[PDB]
Amino acid sequence: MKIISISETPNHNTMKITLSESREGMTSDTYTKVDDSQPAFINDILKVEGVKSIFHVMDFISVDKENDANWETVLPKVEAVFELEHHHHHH
């Protein structure tokens, strides 16, 4: 559940993220304006300049950006999402 493998596609505006899950399918929704019961960590991605929108479905996620932007710029931010310490802050 933290980027396991990417996939090549004719275009380069949006790539699919492979999850550690398979078959069945986890969540499935489109995020174009934040708020949708998604992980706050993903809110960053949407709020991260360069990103256009996100589409969650089956056991993968399609992240689209702006042709004007790049990946090497957005990636560093995306990695932070599934990499920032996992705990249940409660004290």
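Here Cβ is always computed from backbone atoms with ideal geometry, including for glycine, and neighbour counts include all displayed protein chains. Where a number appears in this text, it was derived from the coordinates with a stated rule and is not lab data.
Just a few scattered comments:
- Exposed-site-free run, longest, the chain (rule: trypsin sites (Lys or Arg not before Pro); DSSP loop; at most 16 other C-beta within 10 Å): 34-91
- About the centre of its Cα atoms, the chain shows a dipole size close to 60 debye [charges on the beta carbon of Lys, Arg (+1) and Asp, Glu (-1) only; nearest 20 debye].
- Taking each residue as 0.36 nm, the span from residue 43 to residue 8 lengthens on full extension beyond its C-alpha to C-alpha distance by 10.1 nm.
- Interchain or long-range residues, amide H under 5 Å from residue 17's placed H: 61, 62, 63
- Projected label distance in nm at residue 32 and residue 90, using a 7 Å step from Cα toward the beta-carbon: 3.8 nm
- Database remark: amide H of residue 3 closer than 5 angstrom to no amide H (H placed geometrically; neighbours at sequence offset of 5 or more, or on other chains; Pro and chain starts carry no H).
- Local charge for residue 55 was computed over the other residues whose Cβ lies under 9 Å away, with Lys and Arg +1 and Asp and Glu -1, and equals -2.
- Each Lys or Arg adds one and each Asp or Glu subtracts one; over the other residues with Cβ under 10 Å from the Cβ of residue 77, this totals -2.
- Zero-based 5 Å bins, Cα pair distances in the chain, whole percents: 3, 12, 23, 26, 21, 9, 3, 1, 0, 0
- Modelled spin-label separation between residue 1 and residue 67, with each label point placed 7 Å from Cα along the Cα-to-Cβ direction: 3.7 nm.
- For the stretch 14-91, the list of GluC sites (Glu not before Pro) that fall in a loop by DSSP and count at most 16 other C-beta atoms within 10 angstrom reads 21, 24, 49, 66, 83, 85.
- Rounded to whole numbers, the Karplus 3J(HN,Hα) couplings from phi for the stretch 76-90 are x, 7, 4, 3, 4, 4, 7, 7, 6, 5, 10, 8, 10, 3, 7 Hz, using 6.51 cos²θ - 1.76 cosθ + 1.60 with θ = phi - 60°, and x at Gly and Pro.
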